[PDB]
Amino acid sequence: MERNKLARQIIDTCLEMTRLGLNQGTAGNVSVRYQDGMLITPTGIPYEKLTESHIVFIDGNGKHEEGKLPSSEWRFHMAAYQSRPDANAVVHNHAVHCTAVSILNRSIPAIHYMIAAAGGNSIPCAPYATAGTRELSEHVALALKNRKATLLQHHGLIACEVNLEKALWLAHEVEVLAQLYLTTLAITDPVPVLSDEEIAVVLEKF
């Protein structure tokens, strides 16, 4: 749990995310809870040139290390950490199916039992606000109150979990659920879903 071990894993999550097909338009950013703030990916540097020393520390006050530029989307990473104390890692991306559902401004309903992985019977969609603003941060903090992942309208996805492995896994799972919802929505609307009682049993079970 040294700084450089946490920097290496951030980078491996960047690479793994690209290999899985979630980082298209070379748009993601990844962070971990650390000391009084977080370690996050820098802005501008392509994932493949990233080295341990590129990773930036941002404290609880929002001040970042000297001579390093944190991701341009860092504020809602900080908002996730303060809204969900149990979150230790955050994955953000512009994965295509998720972003496509976020353009319809729809929530993803319980079309598969794996929806319970993010905490309830849906995957919310928070309202649009200009990227990088205080207003975007508030909507994300309210959406993550009772869910571990949220879509952001006209934008993409945020997923948070106890470690980087699980956070990437969740992010990927939401992209599968997003693709299943768009695939069936083109055939029939609305899409058949499992009932709230059925989702309650699955939740107990997990």
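Heads up: residue numbers just count along the shown sequence, starting at 1.
**Q** Could you check which stretch, 17-25 or 192-200, carries the larger mean CA temperature factor in the entry?
**A** Result: 17-25.
**Q** Compare the mean C-alpha B-factor of 120-128 with that of 67-75 as given in the PDB entry, and name the stretch with the higher value.
**A** The stretch with the larger average C-alpha B-factor is 67-75.
**Q** Can you tell me which of 179, 31, 35, 150 has the highest Cα temperature factor in the record?
**A** Of the candidates given, the C-alpha B-factor peaks at 35.
**Q** Using only the C-alpha B-factors in the record, can you name which of 166, 49, 139, 155 has the highest?
**A** Highest C-alpha B-factor among the listed options: 49.
**Q** Taking only the Cα B-factors deposited for this chain, tell me whether residue 88 sits in the lowest, middle or highest third.
**A** Residue 88: CA B-factor falls in the lowest third of its chain.
**Q** Can you work out whether the C-alpha temperature factor of residue 45 puts it in the lowest, middle or highest third of the chain?
**A** It falls in the top third of the chain.
**Q** Sorting by Cα B-factor within the chain, modelled residues only, which third would residue 106 end up in: lowest, middle or highest?
**A** Middle third, going by the recorded CA B-factors of the chain.
**Q** Would you check the entry's CA temperature factor for residue 171 and let me know if it's in the chain's lowest, middle or highest third?
**A** Tercile = lowest for this residue's CA B-factor.
**Q** Lowest, middle or highest third: where is residue 58 by Cα B-factor in its chain?
**A** Residue 58: CA B-factor falls in the middle third of its chain.
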